[PDB]
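J.: Next up is a structure, given as structure tokens.
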Amino acid sequence: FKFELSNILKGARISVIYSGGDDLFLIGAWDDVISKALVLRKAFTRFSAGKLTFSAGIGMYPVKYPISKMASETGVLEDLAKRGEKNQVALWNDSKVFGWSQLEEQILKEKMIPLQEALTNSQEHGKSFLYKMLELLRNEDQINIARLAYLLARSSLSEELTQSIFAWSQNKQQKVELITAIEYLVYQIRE
RNA sequence: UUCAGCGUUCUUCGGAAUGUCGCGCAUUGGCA
């Protein structure tokens, strides 16, 4: 907490308000805070050789927004993660609580990276297509599953991604990861 | 040689929205 933490966070736009196994508080750029939070969980397990788990709450706030409010709201997110599924992290919203491995791979690697590479390659697609997909996923109507499939056929995205998105939407866990992965990509792509 | 029309098609195939923004600013916070 006091020494290795400086090397783990090295190179990231993060300021550590306080440290320690009792309570850890860091304020940083959101993409950096998430990536370093994942690095920390992997390091903690390695350092402890397992048998030790860390629960965290991650929140996204405008810079002008008050620190006390940031601290209070993020405390609640940490509490969500702590009460059940203590290893799992809570990110941005109460609705999104994810295991650290889930957040790192089943969301930021299996879903966000394909979508990211697909969008960049496609000259025919854009944030607006990703917003359309998100609106269907958010509504959660059975018809939207069908409407997403019509959008996917029109979209012409690579078939394996098309099928993977379709499968993800039908599975409840995959869709929350798909929603989060799309939202993370939109936050990253947005200027 | 006269007397008559009769039957069959009644719309078809594509394209079914797309791209762009997806809140910003002030107070507050932060730095001094």
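Following the order of the structure tokens, chains are lettered A, B, ..., residues in each are numbered from 1, and ligands are numbered from 1.
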Compile a residue-level contact table for chain A against chain B at a cut-off of 6 Å, reporting for every qualifying residue the shortest atom pair and its distance in Å to one decimal, with only C-alpha atoms (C1' of nucleotides) counted, rows ordered by chain and ascending number, as a Markdown table.
T.:
| residue | atom | partner | partner_atom | distance |
| --- | --- | --- | --- | --- |
| A:64 | CA | B:29 | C1' | 4.7 |
| A:65 | CA | B:29 | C1' | 5.0 |
| A:66 | CA | B:29 | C1' | 3.9 |
J.: Could you name the residues that touch residue 17 of chain B at 12 Å or less, counting only C-alpha atoms (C1' of nucleotides), but leaving out those on the same chain fewer than 5 positions away, as a PyMOL selection string?
T.: chain A and resi 151+154-155
J.: Restricting the calculation to only C-alpha atoms: of A:26, A:115, A:90, A:80, which residue gets closest to residue 6 of chain A?
T.: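 With only C-alpha atoms as the atom set, the closest residue is A:26.
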J.: Residues of segment 60-185 of chain A classed as strand (DSSP E or B) by DSSP on the backbone are to be reported as JSON, numbers by chain.
T.: {"A": [89, 90, 91, 97, 98]}
J.: What's the 7 Å shell around segment 163-178 of chain A, counting only C-alpha atoms (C1' of nucleotides), without same-chain residues fewer than 4 positions away, as a list in words?
T.: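 Counting only C-alpha atoms (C1' of nucleotides), the residues come to residues 107, 111, 137, 145, 149, 159 and 182 of chain A.
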J.: Would you kindly return, as an MDAnalysis selection string, each protein, DNA or RNA residue with an atom no farther than 10 Å from any atom of residue 1 of chain A, considering only C-alpha atoms (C1' of nucleotides) and excluding same-chain residues fewer than 4 positions away?
T.: chainID A and resid 5:6 8 18:24 40 44
J.: Using DSSP assignments from the backbone, pull out every residue in segment 99-175 of chain A that falls under alpha helix (DSSP H) and give it to me as JSON, numbers by chain.
T.: {"A": [100, 101, 112, 113, 114, 115, 116, 117, 118, 119, 120, 121, 127, 128, 129, 130, 131, 132, 133, 134, 135, 136, 137, 138, 139, 142, 143, 144, 145, 146, 147, 148, 149, 150, 151, 152, 153, 154, 155, 159, 160, 161, 162, 163, 164, 165, 166, 167, 168, 169, 170, 172, 173, 174, 175]}
J.: Choose the residue, out of A:45, A:128, A:188, A:180, that has the smallest atom-to-atom separation from residue 103 of chain A; count only C-alpha atoms.
T.: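 Distance minimum relative to residue 103 of chain A lands on A:180.
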